[PDB]
Structure formats: structure tokens, C-alpha cells
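Q: Got a structure for you, model34.pdb, holding PDB, C-alpha atoms.
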ATOM      1  CA  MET M   1     -11.184  -9.470  12.488  1.00  0.00           C
ATOM      2  CA  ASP M   2      -8.053 -10.702  10.714  1.00  0.00           C
ATOM      3  CA  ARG M   3      -7.363  -8.166   7.961  1.00  0.00           C
ATOM      4  CA  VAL M   4      -4.448  -9.422   5.871  1.00  0.00           C
ATOM      5  CA  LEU M   5      -3.960  -9.094   2.117  1.00  0.00           C
ATOM      6  CA  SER M   6      -2.199 -11.703  -0.008  1.00  0.00           C
ATOM      7  CA  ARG M   7       0.227 -11.259  -2.904  1.00  0.00           C
ATOM      8  CA  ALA M   8      -2.706 -10.720  -5.262  1.00  0.00           C
ATOM      9  CA  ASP M   9      -4.164  -7.977  -3.062  1.00  0.00           C
ATOM     10  CA  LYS M  10      -0.922  -6.219  -2.097  1.00  0.00           C
ATOM     11  CA  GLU M  11       0.164  -6.512  -5.730  1.00  0.00           C
ATOM     12  CA  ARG M  12      -3.078  -4.833  -6.771  1.00  0.00           C
ATOM     13  CA  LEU M  13      -2.139  -1.918  -4.528  1.00  0.00           C
ATOM     14  CA  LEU M  14       1.082  -1.539  -6.507  1.00  0.00           C
ATOM     15  CA  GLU M  15      -0.702  -1.439  -9.870  1.00  0.00           C
ATOM     16  CA  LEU M  16      -2.766   1.541  -8.715  1.00  0.00           C
ATOM     17  CA  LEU M  17       0.323   3.123  -7.132  1.00  0.00           C
ATOM     18  CA  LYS M  18       2.214   3.145 -10.434  1.00  0.00           C
ATOM     19  CA  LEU M  19       5.013   1.904  -8.185  1.00  0.00           C
ATOM     20  CA  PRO M  20       6.816  -1.241  -9.477  1.00  0.00           C
ATOM     21  CA  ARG M  21       7.167  -4.372  -7.348  1.00  0.00           C
ATOM     22  CA  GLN M  22      10.969  -4.161  -7.520  1.00  0.00           C
ATOM     23  CA  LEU M  23      11.141  -1.229  -5.116  1.00  0.00           C
ATOM     24  CA  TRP M  24       8.335  -2.620  -2.925  1.00  0.00           C
ATOM     25  CA  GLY M  25       9.420  -1.730   0.604  1.00  0.00           C
ATOM     26  CA  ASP M  26      10.426   1.935   0.532  1.00  0.00           C
ATOM     27  CA  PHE M  27       7.637   3.562   2.570  1.00  0.00           C
ATOM     28  CA  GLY M  28       8.740   6.932   1.228  1.00  0.00           C
ATOM     29  CA  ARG M  29       8.274   5.831  -2.377  1.00  0.00           C
ATOM     30  CA  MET M  30       5.017   3.903  -1.945  1.00  0.00           C
ATOM     31  CA  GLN M  31       3.439   6.697   0.105  1.00  0.00           C
ATOM     32  CA  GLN M  32       4.638   9.179  -2.505  1.00  0.00           C
ATOM     33  CA  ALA M  33       2.866   7.125  -5.153  1.00  0.00           C
ATOM     34  CA  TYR M  34      -0.198   6.606  -2.956  1.00  0.00           C
ATOM     35  CA  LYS M  35      -0.735  10.347  -2.517  1.00  0.00           C
ATOM     36  CA  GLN M  36      -0.308  11.233  -6.195  1.00  0.00           C
ATOM     37  CA  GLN M  37      -2.663   8.350  -6.985  1.00  0.00           C
ATOM     38  CA  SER M  38      -5.074   9.293  -4.202  1.00  0.00           C
ATOM     39  CA  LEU M  39      -5.451  12.827  -5.549  1.00  0.00           C
ATOM     40  CA  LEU M  40      -6.263  11.575  -9.053  1.00  0.00           C
ATOM     41  CA  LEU M  41      -8.737   8.978  -7.780  1.00  0.00           C
ATOM     42  CA  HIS M  42     -10.534  11.578  -5.654  1.00  0.00           C
ATOM     43  CA  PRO M  43     -14.216  12.099  -6.644  1.00  0.00           C
ATOM     44  CA  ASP M  44     -13.677  15.833  -7.212  1.00  0.00           C
ATOM     45  CA  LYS M  45     -10.808  14.876  -9.535  1.00  0.00           C
ATOM     46  CA  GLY M  46     -12.788  12.488 -11.716  1.00  0.00           C
ATOM     47  CA  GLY M  47     -12.660   9.034 -10.182  1.00  0.00           C
ATOM     48  CA  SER M  48     -14.631   6.105  -8.788  1.00  0.00           C
ATOM     49  CA  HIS M  49     -15.430   5.638  -5.101  1.00  0.00           C
ATOM     50  CA  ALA M  50     -15.123   1.847  -5.096  1.00  0.00           C
ATOM     51  CA  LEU M  51     -11.505   2.393  -6.151  1.00  0.00           C
ATOM     52  CA  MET M  52     -10.421   4.974  -3.573  1.00  0.00           C
ATOM     53  CA  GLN M  53     -11.963   2.812  -0.844  1.00  0.00           C
ATOM     54  CA  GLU M  54     -10.193  -0.332  -2.053  1.00  0.00           C
ATOM     55  CA  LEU M  55      -6.842   1.457  -2.144  1.00  0.00           C
ATOM     56  CA  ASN M  56      -7.323   3.025   1.288  1.00  0.00           C
ATOM     57  CA  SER M  57      -7.976  -0.470   2.642  1.00  0.00           C
ATOM     58  CA  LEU M  58      -5.199  -2.242   0.743  1.00  0.00           C
ATOM     59  CA  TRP M  59      -2.817   0.484   1.897  1.00  0.00           C
ATOM     60  CA  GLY M  60      -4.247   0.634   5.410  1.00  0.00           C
ATOM     61  CA  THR M  61      -3.876  -2.997   6.482  1.00  0.00           C
ATOM     62  CA  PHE M  62      -0.671  -2.924   4.511  1.00  0.00           C
ATOM     63  CA  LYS M  63       0.367   0.008   6.641  1.00  0.00           C
ATOM     64  CA  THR M  64      -0.548  -1.963   9.774  1.00  0.00           C
ATOM     65  CA  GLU M  65       2.481  -4.055   8.889  1.00  0.00           C
ATOM     66  CA  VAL M  66       4.361  -1.037   7.547  1.00  0.00           C
ATOM     67  CA  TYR M  67       4.659   0.382  11.057  1.00  0.00           C
ATOM     68  CA  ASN M  68       6.256  -2.959  11.919  1.00  0.00           C
ATOM     69  CA  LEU M  69       8.355  -3.229   8.742  1.00  0.00           C
ATOM     70  CA  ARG M  70      10.430  -0.372  10.169  1.00  0.00           C
ATOM     71  CA  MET M  71      11.731  -2.850  12.729  1.00  0.00           C
ATOM     72  CA  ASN M  72      12.707  -5.691  10.394  1.00  0.00           C
ATOM     73  CA  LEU M  73      16.153  -5.089   8.902  1.00  0.00           C
ATOM     74  CA  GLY M  74      17.469  -8.628   8.572  1.00  0.00           C
ATOM     75  CA  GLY M  75      15.643 -11.909   8.099  1.00  0.00           C
ATOM     76  CA  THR M  76      16.335 -14.562  10.726  1.00  0.00           C
ATOM     77  CA  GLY M  77      14.067 -14.616  13.763  1.00  0.00           C
ATOM     78  CA  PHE M  78      12.888 -18.027  14.941  1.00  0.00           C
ATOM     79  CA  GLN M  79      11.101 -17.718  18.284  1.00  0.00           C
TER      80      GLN M  79
END
Could you quickly redo this structure as C-alpha cells?

A:
Amino acid sequence: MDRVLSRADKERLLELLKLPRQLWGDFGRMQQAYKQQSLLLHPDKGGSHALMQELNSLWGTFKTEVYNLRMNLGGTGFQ
């Protein structure tokens, strides 16, 4: 099915990543924040499951585009 998050969803991913929306785009930074946030949200590290699953999804689909974001380095592209 069509799995695409909106501003509200992708923005929610940032809140849990402790990574501002100003630097939104640097895979290295976001992933760095996702890991540190994934280890603290891990069940064995005191955390909820409904949260870790929501982040993995918001970051997954997100990532689906991430693999493609590494190709976009301009803006124009009407075809």
C-alpha cells in the first residue's frame, strides 16, 4: 500500500529524534539521533513498545525516500 507520512508525521519523528527541523536532511545527523533515541526507547532500557514501533515506521518509510534523497541535489525537475 501507499506508505507516506505528512508534515505532522515526519515532524513527529523529529521530536523523538531530538533533532531540530532546521537540519532536517542530513542522513548522518538524523540516523545519529535515531540510534541514540532507539537505544533509550528499547524495552530493556525502560521504554514503551508502541513508541519504538512508531519511530521505526516513521523512519522506515521516511528512509524509503531517504535512499532517493541522495539523488536530489537541486530543485527543478518537471517531467

Q: Which is closest to residue M:4 among M:35, M:79, M:71, M:57, if we use only C-alpha atoms?

A: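 Comparing M:35, M:79, M:71, M:57 against residue M:4, the winner is M:57.
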
Q: How far is it from atom CA of residue M:23 to atom CA of residue M:11, in Å with one decimal?

A: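 We find that atom CA of residue M:23 and atom CA of residue M:11 lie 12.2 Å from each other.
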
Q: Choose the residue, out of M:56, M:43, M:67, M:50, that has the smallest atom-to-atom separation from residue M:17; count only C-alpha atoms.

A: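 Among M:56, M:43, M:67, M:50, it is M:56 that comes nearest to residue M:17.
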
Q: So that I can check the surroundings of residue M:32, please list as a ChimeraX atom specification every protein, DNA and RNA residue that reaches within 10 Å of it, counting all atoms listed in the file and ignoring chain neighbours fewer than 5 positions away.

A: /M:17,19,26-27,37-38

Q: Using the chain letters and numbers from the file, which residues does the PyMOL selection byres ((chain M and resi 61-64) around 12) grab, as a ChimeraX atom specification?

A: /M:1-7,9-14,24-27,30-31,34,54-60,65-70

Q: As an exercise, work out the distance from atom CA of residue M:48 to atom CA of residue M:20 in Å and give it to one decimal place.

A: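 Going from atom CA of residue M:48 over to atom CA of residue M:20 covers 22.7 Å.
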
Q: Report, in Å with one decimal, the straight-line distance from atom CA of residue M:28 to atom CA of residue M:72.

A: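 So the answer is 16.1 Å.
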